[PDB]
Ligand SMILES: [Zn+2]
Ligand SMILES: [Zn+2]
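Residue numbers (our numbering), protein chains in the order written: chain W, 4 to 116; chain R, 2 to 120; chain D, 451 to 722.
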């Protein structure tokens, strides 16, 4: 995913490998010029999920799923059953611990397992 | 049948103790230390509501008391709810400032008998 | 720095306890004449007159006139009934109160460190009325943003600073060793004054290695569990110890263990 123009004729160069040279080289078919490569890099692409361009807004691809909700747990500050539970790591602890967030709009209370 | 004895999940750190988190835990022990009020609330609810130790409120209070006892072992706060406060105390207590209500349970009868014997 | 001499630590601690008590004011005991008189005398007579002054029913205004008008065993006590003189300190948000060398039952940690009897001090964090600290005085809740987040008060930072920096009394600086399970429920903690011979970390590593425990509460519990009153007995090496396997039963998907802390003993060991 990289390209450069040789100074001799200002044309694109294609990478190639030589067994005897054992070094990356760039030469073009337009003119006869071989130049030494830099950093030994022939491809560098950041992985992205922007494949369905101009299509993720109409059809809901569900890129960010919604957190599950449960009604078995009962809140402490208020007597509301609906709550949001998820797993996340602590500040310094290891593993996944279950958390809870109250769904009452007037409560705004969160507690651990 | 007895209640479940399974405790909370232990919390394990990724690094050794630097003598600071222990101080944080020691200071935070005072905060949210509701060990002494759960028993009083359970006694008040048992004296007020008939058929005590049968409703779900008593089970919740017992679970909270067990968690509070386990707080000294594992860092799991009791999280005492606000709506569970009794806001009323029977005769056989030293909370003179708090409102006092006449109890008609077995404890009330025993306290009345003791008062009559003393007088 | 005002004294700038070789004044003994015990007399200075007793004087501080007197000042903290409602007996003598700060300036009434900071004069040059009083320290000059109390510098060179008999130690036992000085302790006797100091405790007699402490036992005064009313407030003393002139200590100089009062003191003018007035005029080994620790190891045996520990081996007999575990009797030690432990200093007790009360830390309040406003000031600090020193009760003094009150007699109390000795624990295991002082059996092998009986020489530093005065280095051990009990520190309890109480309110101004010497009562328990209310929950509203530490980490008062406040609603900031979408969720409520507790806000630490200045008393929280003061307690943290006291625990970290330590308490300095005379030519000593006490350090945090550990706290027992009973002391955890009463907001009490042990403090040991560091010395050139044995320091707080030396005692901490002598008790055991606690880096294996990765739980904050479990590590503190294991470090403070070895502070209960006990009677000294003979010493047994680590050559004759059994490893009897235990029994475990798993029913209904629940782990039930019969042997939690049970053990086995012989008749000769019981007789000894
Ligand atoms: Zn070219
Ligand atoms: Zn709620």
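Ideal placement from N, C-alpha and C gives every residue a C-beta, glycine not left out.
Check	Outcome
Unbroken beta strand (DSSP E) run spanning residue 19(W), endpoints	17 to 20
Residue 35(R), DSSP secondary structure in three states	coil
Simplified DSSP assignment, three categories, for residue 41(R)	helix
Under 8 Å by beta carbon: chain D residues contacting residue 27(R)	613, 629, 634, 639, 670
Nearest-angstrom Cβ-Cβ length linking residue 654(D) and residue 663(D), presumed shorter than 8 Å	Residue 654(D) to residue 663(D), Cβ: 13 Å. No contact.
Proximity below 8 Å, CB of residue 106(W) to CB of residue 87(W)	yes
Listed by chain order, chain D residues near residue 112(W) by CB distance under 9 Å	597, 598
heavy atom of ligand 2 below 7 Å from residue 16(R) C-beta	no
Residues with C-beta closer than 6 Å to any heavy atom of ligand 2, in chain order	78(W), 80(W), 81(W), 83(W), 105(W), 107(W), 110(W), 112(W)
Residue range of the beta strand (DSSP E) that includes residue 536(D)	533 to 541
The stretch 595 to 603 of chain D touching the stretch 709 to 717 of chain D, judged by at least three CB pairs closer than 8 Å	no
Residue 31(W) CB to nearest heavy atom of ligand 1 below 7 Å	yes
Selected residue, minimal CA-CA separation from residue 634(D), among 54(R), 42(R), 13(R), 70(R)	70(R)
Test: residue 606(D) CB closer than 8 Å to a CB of chain R	yes
Near-chain W residues of the stretch 77 to 101 of chain R - C-beta to any C-beta below 7 Å	80, 82, 83, 84
Contacts around residue 705(D), its chain only, beta-carbon distance under 8 Å, and the 5 residues preceding and following it disregarded	698
Identified DSSP bridge partners for residue 643(D)	624(D)
Under 7 Å by beta carbon: chain R residues contacting residue 79(W)	80, 82
Chain-ordered neighbours of residue 17(R) on chain D, where CB pairs are closer than 7 Å	661
Cutoff 8 Å: residue 664(D) Cβ touching any chain R Cβ	yes
Interface flag, residue 716(D) vs chain R, CB-CB below 8 Å	no
Chain R contact residues for residue 583(D), given Cβ-Cβ distances below 7 Å	31
Option in 482(D), 551(D), 483(D), 516(D) with minimal Cα separation from residue 459(D)	551(D)
Own chain, CB closer than 7 Å to residue 30(W), minus 5 neighbours either side, in chain order	16, 19, 36, 37
Beta-carbon neighbours of residue 11(R), restricted to chain D and to distances below 8 Å	665, 668
Three or more C-beta pairs below 8 Å linking the stretch 463 to 478 of chain D and the stretch 103 to 114 of chain R	no
Min CB distance residue 23(R) to chain D below 8 Å	yes
9 Å Cβ cut-off: residues of chain R touching residue 100(W)	10, 12
Buried versus exposed call for residue 43(R) [16 or more other C-beta atoms within 10 Å across all chains shown]	buried
Residue 660(D) beta carbon less than 8 Å from that of residue 641(D)	no
Residues that residue 75(R) contacts on chain D, provided the C-beta gap is smaller than 9 Å	665, 667, 668
Residue closest to residue 94(R), alpha-carbon to alpha-carbon, out of 9(R), 84(R), 59(R), 108(R)	108(R)
Listed by chain order, chain R residues near residue 589(D) by CB distance under 7 Å	32
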